[PDB]
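Coming up are structure 1 and structure 2: the same protein chain in two forms, each one given alone as structure tokens.
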Structure 1
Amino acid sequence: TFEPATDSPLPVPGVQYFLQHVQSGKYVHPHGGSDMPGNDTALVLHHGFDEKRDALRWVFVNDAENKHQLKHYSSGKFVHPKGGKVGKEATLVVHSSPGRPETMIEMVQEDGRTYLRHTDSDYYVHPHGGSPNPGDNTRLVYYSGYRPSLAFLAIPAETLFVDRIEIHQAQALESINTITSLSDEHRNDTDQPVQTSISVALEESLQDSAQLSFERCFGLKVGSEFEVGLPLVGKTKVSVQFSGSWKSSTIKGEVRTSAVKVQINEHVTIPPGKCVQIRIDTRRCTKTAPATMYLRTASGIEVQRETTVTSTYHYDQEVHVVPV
């Protein structure tokens, strides 16, 4: 189950988020709720939420023009300290002016929780008055220091595409095993060699699996199913379809193809008066690999998320006729 106390993800720049004060469950709004808030309009906490409400969307910006800043999505205004310098009890406001070093703001992780902090300072974002459960329209201010009641959750507010997942080949660990299976015995009780068909079913013992796992939670919305190629054995690509939620720290995959058979039917020449069986050796690669996810916004912005790919894949298989 999802717990923000351990699982709140760090937001990726360029992506739309809602911002929620964890302990009150309130969202960060421009005071008054406008899609076009006025310059020096205060950021406040308010219970009000609808997924369709663009006035509640925020985007972290980190580039040459705006290094460590925070943008109101619907207006394009930046989050500034009222008056233009961070200090004690400076109200967070929107303003249609570029960010500066003295306005920098980002989400940070401190002791296992996520906070808003003015970069290169000990000033963090507090509800004015410092209530752990502030009421609607409580303004957000900079103030020195943090504590758990101040934590925020950046909830993803748009749906991204998964373009590819590239494993870090130097950190990939592979453990190989052989799964060995035997058919029913077949006897040729005649005095002449005989063509016979020996069949065996192995669905249960050759089951493939795969998953992505995350330190906090995945933290991004990509829809109910996505498919990518992953190197489940050496560099060999196998398509895996994943179904999960932004809140999951483990996203289960379904391995979509197999290089091996789970129903075997072998044409055997059985010598006179001999008994034989088929032996099936199937190789299994259990793999763990740190990887980088390559994602993309509808607007064409390319973002990255680190993960770990864990998998079990049956990849080569051999069939031998053996005496009983």
Structure 2
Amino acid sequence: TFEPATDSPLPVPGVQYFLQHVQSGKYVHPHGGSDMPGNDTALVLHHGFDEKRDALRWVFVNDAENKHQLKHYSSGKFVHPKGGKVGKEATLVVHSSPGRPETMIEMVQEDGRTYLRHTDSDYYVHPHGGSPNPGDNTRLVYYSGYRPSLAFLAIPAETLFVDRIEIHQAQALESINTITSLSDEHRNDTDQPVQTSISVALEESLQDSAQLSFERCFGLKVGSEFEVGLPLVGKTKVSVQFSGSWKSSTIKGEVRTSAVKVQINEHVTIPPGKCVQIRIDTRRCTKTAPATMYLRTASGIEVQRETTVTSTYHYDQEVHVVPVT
């Protein structure tokens, strides 16, 4: 299963998220839930959720213009300490004023969980009163230190398009192997040559597969199925069709074009008194590489996600009639 505390993805800057306090399940809203909250309106936790509500959406900003800020998607307001100083019980509020070093806020990983933290400080984001299950409309504050109960989950709140995945060629590992299948023995106990049907079923032996793996979870929404060209043996690209969920730590990939045969059917003239076998020799490329996924928002920002590509691919099949003596 997806374990929200141990699998929570780190948010990608410029992408829309919902913020969820893991322990309560409550979401981060401006107080009053407006899409146009006022200056010095508090961030609070509330059970309320509606995928379609833009006032629920937040965007992590980290660019030349703004370093380590959090933005309210519907209003464009940044998240500030109330009064302009991060300190004990300083309420998080939205405000139209641009961000500063003294307002920095980012999601960070500490001992396997994701937390909101004022950058370059020991201040993290707590629910006022520090309850593992705060009540609706509890305000979020800055406070020294962190503990599991404060963990947040950034849930992707828009669907991206996967443009391409680029293998890191220098750390790409390749293990080539020969899968050898022998049919049953067939013997010709007549006094004339018999042309005999010999079949072998190799569906489970020669199953092709591709996997994208992530330390926590993919953490992006990209649709039901997506297709990319992956180099499944040497540098030769093959079309792989992936389906998963943002919560997946492993996305399974299907190979469209099979390069070998999984049903072997040979017509073999067996001479009088002779025994034969079909020998199938199939090559398997077992591959692993770090890779960068390149994805696009509808708003047109290109974003990246590191992954590990793993694949089993079968090529260069040979069939031979071997004598059984």
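Shifts are known only where both forms have a C-alpha. Throughout, residue numbering runs from 1 along the sequence of structure 1. Each form is matched to the other, and the largest set of C-alpha atoms that superpose within 1.5 Å is called the rigid core.
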(message) Looking between structure 1 and structure 2 after fitting on the rigid core, I'd like to know which of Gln171, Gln195, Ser224, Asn177 has a C-alpha displacement of 2 Å or more.
(response) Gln195
(request) Determine whether the C-alpha of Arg57 shifts by 2 Å or more between structure 1 and structure 2 once the rigid core is superposed. (result) no
(message) Once the core is superposed between structure 1 and structure 2, does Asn39 show a C-alpha displacement of at least 2 Å?
(response) no
(message) Given a superposition on the rigid core, I'd like a yes or no on whether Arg279 shifts its C-alpha by 2 Å or more between structure 1 and structure 2.
(response) yes
(request) Would you look up how far the C-alpha of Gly234 moves between structure 1 and structure 2 when the rigid core is overlaid, in angstrom? (result) 1.4
(request) Check the Cα of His186 between structure 1 and structure 2 on a core superposition and give its shift in Å. (result) 9.7
(message) What does the CA of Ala259 shift by between structure 1 and structure 2 after fitting on the core? Give it in Å to one decimal.
(response) 3.4
(message) Could you identify the runs between structure 1 and structure 2 where three or more consecutive residues, present in both forms, all have C-alpha shifts of 2 Å or more after superposing the core?
(response) 179-206, 258-282, 315-324
